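J.: For reference, the structure I am asking about is given below.
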């Protein structure tokens, strides 16, 4: 139940799936590397 990639999410509590993190440019799931 998390965000994979290119999915609107909330940065701060890390709601994205393991490996992906929320960014502040598109406010969605984005891979770290």
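Numbering of chain A is taken from Swiss-Prot, so the residues present carry the numbers 49-81, in order.
Header lists the method as solution NMR.
Note: Cβ is positioned from N, Cα and C throughout, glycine not excepted.
The annotation disulfide bond is assigned in Swiss-Prot to 50-65, 57-70, 64-77 on the grounds of experimental evidence. Summarising the annotation, Swiss-Prot assigns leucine amide to 81.
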J.: A 10 Å Cβ contact count, applied to the recorded positions 50, 81: which residue has the minimum?
T.: 81
J.: If H, G and I count as helix, E and B as strand, and all else as coil, what does DSSP give for the residue listed as 'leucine amide'?
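T.: It is coil.
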J.: Provide, as an integer number of angstrom, the distance between the C-alpha atoms of residue 57 (disulfide bond) and residue 77 (disulfide bond).
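T.: Between the Cα atoms of residue 57 (disulfide bond) and residue 77 (disulfide bond), the distance comes to 6 Å.
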J.: Measuring Cα to Cα, how far is residue 50 (disulfide bond) from residue 64 (disulfide bond) in Å?
T.: 5
J.: Tell me the Cα distance separating residue 65 (disulfide bond) from residue 77 (disulfide bond), rounded to the nearest angstrom.
T.: 8
J.: Taking the Cβ of residue 65 (disulfide bond) as the centre, count every other Cβ atom within 10 Å, in any protein chain shown.
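T.: Total other Cβ atoms inside 10 Å, all chains included: 15.
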J.: If one measures from the C-alpha of residue 81 (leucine amide) to the C-alpha of residue 65 (disulfide bond), what distance in angstrom results, rounded to a whole number?
T.: 14
